[PDB]
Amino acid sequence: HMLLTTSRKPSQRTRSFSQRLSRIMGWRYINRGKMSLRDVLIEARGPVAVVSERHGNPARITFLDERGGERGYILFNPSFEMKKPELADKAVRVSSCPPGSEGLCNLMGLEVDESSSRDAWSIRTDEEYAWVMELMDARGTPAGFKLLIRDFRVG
């Protein structure tokens, strides 16, 4: 459902993160090289997400519609282990979006699925972050991949 890319000249960590996330989501990943956003949108022919950084860390995901309108954005810090997540499917499901988190689900195109928590996201509150989005793997246990959400805005 989406093309993912990064801001221009990303660090190794931003690359690793974004390649990982796009695999998890089943989104098509492209190297940003030296393209403008306009040229990214031409290549995508469809919606795009851009992972941008501050100080060499991924810090924001911006979501665009196919014409380049900004759907919204998420400010976050990633938390991921070295081991590849074990997934049997695109992680396009979420177990629940509690009140106040619906925009996370809308931006990322997640569908609520109460039948199982495998290959799925869990959204919860945290003492430090606004939300933690944690990937549950093909066995429904923590995949070692989280989005630590500081804020998000839609529209």
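Don't overthink the numbering: it's just position in the shown sequence, from 1.
K.L.:
Sort the modelled residues of this chain by their C-alpha B factor and say whether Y129 lands in the lowest, middle or highest third.
P.N.:
Lowest third, going by the recorded CA B-factors of the chain.
K.L.:
Relative to the other modelled residues of the same chain, rank the CA B-factor of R118 and answer lowest, middle or highest third.
P.N.:
As the PDB entry reports it, the C-alpha B-factor of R118 lands in the highest third of its chain.
K.L.:
Ranking the modelled residues of this chain by C-alpha B-factor as given in the entry, is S18 in the lowest, middle or highest third?
P.N.:
It belongs to the lowest third of the chain when residues are ordered by C-alpha B-factor.
K.L.:
For the chain shown, is the CA B-factor of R93 in the lowest, middle or highest third of its modelled residues?
P.N.:
Answer is middle: the recorded C-alpha B-factor places it there.
K.L.:
How does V112 rank on Cα B-factor within its chain, lowest, middle or highest third?
P.N.:
Its C-alpha B-factor, which the entry lists for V112, ranks in the highest third among residues of this chain.
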